[PDB]
Amino acid sequence: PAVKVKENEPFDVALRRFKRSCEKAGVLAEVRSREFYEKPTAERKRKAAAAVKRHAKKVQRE
Amino acid sequence: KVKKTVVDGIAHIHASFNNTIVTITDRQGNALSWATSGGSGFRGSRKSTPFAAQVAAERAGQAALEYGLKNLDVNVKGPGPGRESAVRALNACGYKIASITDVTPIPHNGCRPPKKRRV
Amino acid sequence: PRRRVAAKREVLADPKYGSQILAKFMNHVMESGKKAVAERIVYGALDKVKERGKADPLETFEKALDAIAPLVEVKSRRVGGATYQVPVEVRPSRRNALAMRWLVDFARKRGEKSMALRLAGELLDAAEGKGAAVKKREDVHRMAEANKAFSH
RNA sequence: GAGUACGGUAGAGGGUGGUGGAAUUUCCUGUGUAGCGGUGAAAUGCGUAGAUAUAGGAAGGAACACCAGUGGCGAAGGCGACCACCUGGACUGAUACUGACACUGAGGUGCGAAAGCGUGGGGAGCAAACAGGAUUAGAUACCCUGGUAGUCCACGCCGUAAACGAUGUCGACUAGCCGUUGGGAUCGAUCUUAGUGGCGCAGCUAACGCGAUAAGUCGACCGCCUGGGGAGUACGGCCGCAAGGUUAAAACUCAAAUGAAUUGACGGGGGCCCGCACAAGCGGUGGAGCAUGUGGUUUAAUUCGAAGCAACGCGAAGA
Ligand SMILES: [Mg+2]
Ligand SMILES: [Mg+2]
Ligand SMILES: [Mg+2]
Ligand SMILES: [Mg+2]
Ligand SMILES: [Mg+2]
Ligand SMILES: [Mg+2]
Ligand SMILES: [Mg+2]
Ligand SMILES: [Mg+2]
Ligand SMILES: [Mg+2]
Ligand SMILES: [Mg+2]
Ligand SMILES: [Mg+2]
Ligand SMILES: [Mg+2]
Ligand SMILES: [Mg+2]
Ligand SMILES: [Mg+2]
Ligand SMILES: [Mg+2]
Ligand SMILES: [Mg+2]
Ligand SMILES: [Mg+2]
Ligand SMILES: [Mg+2]
Ligand SMILES: [Mg+2]
Ligand SMILES: [Mg+2]
Ligand SMILES: [Mg+2]
Ligand SMILES: [Mg+2]
Ligand SMILES: [Mg+2]
Ligand SMILES: [Mg+2]
Ligand SMILES: [Mg+2]
């Protein structure tokens with residue numbers, strides 16, 4: 001979420017560095033996850049669906 | 001009618017889903033001027049585009065140039081569009097970029113967010 | 001068309017001037033297949049241009065179309081609940097078509113003795129830009145900046 | 001079979017105190033100005049009485065991102081900040097010990113999400129009721145701006161849930177393959193245990209499907225069902241402060257109600273493709289006058305028929 005400037009490179013490489021750092025931080029995901037309250041039933045349902053999708057992907061890898 | 005000089009101030013971006021607010025202060029956080037996409041004549045649906053963010057940022061920078069401000073430390077806060085528009089648009093006014101920081105407040109557990117929208 | 005197999009025919013039958021844009025303007029001004037009527041009307045208009053204008057009339061013609069062609073065009077797209085408009089760069093071939101159509105349709109609305117001297121009047125007006133066709137062109141052009149927000 | 005003694009592991013298992021950081025809100029102060037907020041678009045609302053952004057400070061409440069996992073623990077409900085104290089159970093290794101001390105269980109006895117009730121506290125965010133602004137034919141809703149009980153704590157009550165694996169507890173047998181949690185043994189591999197998942201042979205099933213975590217093959221005990229409504233309702237009994245809970249009918253009425261799967265049709269489901277279907281253009285109808293057909297009215301008759309696209313210059317290529 002913060003990057004320094006040094007050694008007079010063009011103001012595009014640092015921009016892509018900042019973008020990459022922000023998307024490594026995952027700020028957008030967390031700020032989207034706080035827009036509305038998710039009741040726990042929906043949370044367990046989403047986690048179960050993600051788990052079954054992940055296991056299906058891993059099985060289909062062979 | 002008085003006049004004062006300042007160098008190496010800080011510019012701030014509040015980029016929400018509906019608007020973006022660009023302000024300029026000194027290192028002590030005292031406002032000099034400010035620009036808002038609402039006051040530029042965008043009014044809602046147009047208010048959200050990154051182009052309006054660029055316009056507001058460049059207007060704020062041009063207003064800041066009167067006091068000098070050869071250096072600018074910029075904070076951005078909020079997930080709205082134009083999170084990157086203002087960063088590029090500030091150089092259009094001829095400013096030296098010293099640090100770009102993201103200060104989006106992340107609740108750890110905190111209060112509870114409002115109810116889900118049923119649309 | 002979904003298939004996109006429809007090729008285009010090429011027309012080049014300039015009688016005496018041996019140009020290209022002239023014939024397409026002929027087709028634009030031609031109405032109900034009156035090709036010879038279009039011949040004589042446009043040639044009388046060009047004669048009036050030549051007697052009024054010191055230089056040759058073809059470069060005046062192309063300069064007039066240079067000041068009527070719109071660089072960008074606005075086109076409505078509905079976002080699914082709101083009626084927006086989007087500015088887009090005009091296709092290079094489409095520029096000449098818009099130029100010719102606008103110039104003809106604006107020369108049609110003068111109201112003087114005939115449309116030969118109407119065509120001459122807007123050909124000289126568009127030669128620098130004090131006509132009404134240039135007025136519509138600049139209005140459409142400025143609508144783009146009026147809607148630059150969406151663009152993408 | 002069951003249990004006891006002895007070492008070692010893992011865990012959001014329970015209870016009582018203390019302590020953390022982030023974030024929201026409110027209040028105070030500083031420069032600075034005219035907008036902020038919100039939406040599909042708006043408006044209500046907040047605004048030079050200086051907001052949001054921003055800097056500094058103060059109080060207060062609640063939840064514990066990242067770890068985090070088909071992961072773990074608990075009889076079930078359920079249990080995620082860190083630390084100490086009190087405490088229950090499970091897993092694992094060898095030896096000794098008790099010598100059937102077991103399983104199930106009508107009655108009864110407890111624990112039991114959320115909402116709710118009583119007394120006393122607290123109250124930041126959220127949010128039934130409610131107020132206003134929208135949308136609409138209406139909108140006592142969905143959407144937006146606020147907002148009270150409640151959500152938080154102590155004690156007491158209430159006994160309910162799609163309280164679900166819609167699958168009672170206990171025990172013994174029956175091909176295999178790929179994960180994973182936490183322990184052992186042998187030489188990364190193999191072997192063996194208690195869980196936790198995905199496939200799958202026999203076998204079972206109306207079918208779906210289950211398949212060593214059986215819905216297979218068998219035993220022990222218990223609970224429950226007998227067409228759909230009426231109805232988990234009435235009356236009586238027993239509980240509760242109340243809300244209500246539990247046990248639990250009949251008259252009357254119908255010839256069905258129901259489960260799984262199949263073909264088609266449909267969808268404000270999805271994916272590909274086509275057509276003057278849109279889009280890009282040109283010229284029209286709807287406005288005026290007249291021709292011609294039809295509907296309606298009148299008449300003695302205005303002779304019959306054709307009626308969304310697929311009737312109306314149509315049978316009629318001649319009243
Ligand atoms: Mg909201
Ligand atoms: Mg403030
Ligand atoms: Mg028992
Ligand atoms: Mg009993
Ligand atoms: Mg009991
Ligand atoms: Mg409760
Ligand atoms: Mg209470
Ligand atoms: Mg109270
Ligand atoms: Mg509301
Ligand atoms: Mg009440
Ligand atoms: Mg029940
Ligand atoms: Mg449960
Ligand atoms: Mg049941
Ligand atoms: Mg068994
Ligand atoms: Mg299977
Ligand atoms: Mg069965
Ligand atoms: Mg019956
Ligand atoms: Mg009852
Ligand atoms: Mg009773
Ligand atoms: Mg279909
Ligand atoms: Mg069209
Ligand atoms: Mg007509
Ligand atoms: Mg008419
Ligand atoms: Mg008839
Ligand atoms: Mg016809």
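All values below were derived from every heavy atom in this structure, side-chain atoms included, with hydrogens, water molecules and symmetry-related copies excluded. Lettering of chains follows the sequences in order, A, B, ..., and the numbering in each one begins at 1.
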Judged by the sign of the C1'-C2'-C3'-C4' torsion, with positive meaning north and negative meaning south, the sugar of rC304(D) is north

Among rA23(D), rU31(D), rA127(D), the one nearest any side-chain atom of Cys111(B) is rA23(D)

Closer to the 5' end of RNA chain D via nearest nucleotide, is it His12(B) or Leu32(B)?
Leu32(B)

Between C1' of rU52(D) and CG of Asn19(B), the distance in whole Å:
10 Å

Mark yes when both conditions hold for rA206(D) and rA207(D) (six-membered ring centres under 5.5 angstrom, interplanar angle under 30 degrees), and no otherwise.
yes

Just checking: is there a Watson-Crick or G-U wobble pair between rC187(D) and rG37(D), both distances under 3.5 Å?
no

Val22(B) near the nucleic acid: base, sugar-phosphate alone, or nothing, with a heavy-atom cut-off under 4.0 Å?
nothing

Could you tell me if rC276(D) and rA277(D) satisfy the stacking criterion of six-membered ring centres under 5.5 Å apart and ring planes within an angle under 30°?
no

So what does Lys77(B) touch, heavy atoms closer than 4.0 Å: a base, only the sugar-phosphate, or nothing?
sugar-phosphate

Paired with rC117(D): which nucleotide, if any, by Watson-Crick or G-U wobble criteria at under 3.5 Å for both distances?
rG156(D)

Does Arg2(C) make a side-chain donor-acceptor contact with the base of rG275(D), cut-off 3.5 Å?
yes

Reading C1'-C2'-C3'-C4' for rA51(D) with positive as north and negative as south, the pucker comes back north

Over all strands shown, is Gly39(B) touching base, sugar-phosphate only, or nothing at heavy-atom distances under 4.0 angstrom?
sugar-phosphate

Does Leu69(B) reach the side chain of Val6(B), with side-chain heavy atoms less than 4.5 Å apart?
yes

Sugar-phosphate, base or nothing in reach of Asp26(B), heavy atoms under 4.0 Å
nothing

The sugar pucker of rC83(D), read from the sign of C1'-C2'-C3'-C4' where positive is north and negative south, is north

Examine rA34(D) and say whether its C1'-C2'-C3'-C4' torsion places the sugar north (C3'-endo side) or south (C2'-endo side).
south

Of the nucleotides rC274(D), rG21(D), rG32(D), which has the atom closest to the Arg3(C) side chain?
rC274(D)

Minimum-distance nucleotide (side-chain atoms of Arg43(B) versus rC143(D), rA65(D), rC36(D)):
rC36(D)

If you look at every strand shown and take non-hydrogen atoms under 4.0 Å, does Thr36(B) touch a base, only sugar-phosphate, or nothing?
sugar-phosphate

For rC235(D), give the paired nucleotide (Watson-Crick: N1-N3 plus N6-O4 or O6-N4; G-U: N1-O2 and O6-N3; both under 3.5 Å), or none.
none

Check: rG30(D) base within 3.5 Å donor-acceptor of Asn30(B) side chain:
yes

Nearest to the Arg117(B) side chain among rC143(D), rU70(D), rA280(D), which nucleotide is it?
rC143(D)

Does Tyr43(C) have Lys16(C) sitting over its ring (NZ/CZ under 6.0 Å from centre, angle to axis within 45°)?
yes

Between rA127(D), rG32(D), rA22(D), which nucleotide gets closest to the side-chain atoms of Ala31(B)?
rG32(D)

Across all strands shown, which nucleotide pairs with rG197(D) by Watson-Crick or G-U wobble geometry, both distances under 3.5 Å?
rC178(D)

Within the 4.5 Å heavy-atom criterion, are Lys148(C) and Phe51(B) side-chain neighbours or not?
yes

Given atom NE2 of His55(A) and atom P of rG69(D), what is their separation to the nearest angstrom?
16 Å

Roughly how many Å is it from CD1 in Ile106(B) to P in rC67(D), rounded to a whole number?
13 Å

Any strand: nucleotide that pairs with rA220(D) via Watson-Crick or wobble, under 3.5 Å
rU169(D)

Taking atom types as modelled, find out whether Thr25(B) and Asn30(B) have a side-chain donor-acceptor pair closer than 3.5 angstrom.
no

Have a look at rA128(D) and give me syn or anti from its glycosidic angle (syn if within 90° of zero).
anti

Give the nucleotide from the list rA23(D), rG38(D), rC143(D) with an atom nearest to the side chain of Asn18(B).
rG38(D)

Would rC143(D) and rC144(D) be classed as stacked, given the thresholds of under 5.5 Å between six-membered ring centres and under 30° between planes?
yes

Any strand: nucleotide that pairs with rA127(D) via Watson-Crick or wobble, under 3.5 Å
none

Tell which nucleotide pairs with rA260(D), taking only Watson-Crick or G-U wobble pairs whose two distances are both under 3.5 angstrom.
none

Does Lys47(B) make a side-chain donor-acceptor contact with the base of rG38(D), cut-off 3.5 Å?
yes

Test: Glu31(C) and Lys34(C) ion pair at under 4.0 Å
no

Of the candidate nucleotides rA65(D), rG281(D), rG32(D), which contains the atom at the shortest distance from the side chain of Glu30(A)?
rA65(D)

Please indicate whether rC79(D) is base-paired to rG30(D) in either the Watson-Crick or the G-U wobble sense, using a 3.5 Å limit on both distances.
no

Are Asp8(B) and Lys70(B) close enough for a salt bridge, meaning some N to O gap below 4.0 Å?
no

Partner lookup for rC101(D), please. Criteria are Watson-Crick or G-U wobble with both distances under 3.5 angstrom; report none if nothing qualifies.
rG1(D)

Nucleotide nearest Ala51(A) when distance is taken to its side chain, options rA23(D), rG281(D), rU70(D)
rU70(D)

Report yes or no: do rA55(D) and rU48(D) constitute a Watson-Crick or wobble pair with both atom distances shorter than 3.5 Å?
no

Across all strands, who's sitting opposite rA84(D) as a Watson-Crick or G-U wobble pair, both distances under 3.5 Å?
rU16(D)

Out of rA53(D), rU70(D), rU33(D), which has the shortest distance to the side chain of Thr23(B)?
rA53(D)

Expressed as a whole number of angstroms, how long is the span from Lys53(A):NZ to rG69(D):P?
15 Å

Taking atom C1' in both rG232(D) and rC224(D), compute the distance separating them and give it to the nearest angstrom.
15 Å

Pair flag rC130(D) x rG146(D), Watson-Crick or wobble criteria, under 3.5 Å
yes

Would a student be right to call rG93(D) and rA94(D) stacked, given the definition of ring centres under 5.5 angstrom and plane angle under 30°?
yes

Where do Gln85(C) and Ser76(C) come nearest, in terms of heavy atoms and distance?
CG-OG, 3.4 Å

Under the criteria of ring-centre distance below 5.5 Å and plane angle below 30 degrees, do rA300(D) and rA301(D) stack?
yes

Salt bridge check: are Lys45(A) and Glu43(A) linked by an N-O gap of less than 4.0 Å?
no

Do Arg112(B) and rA23(D) have a side chain to base donor-acceptor pair shorter than 3.5 Å?
no

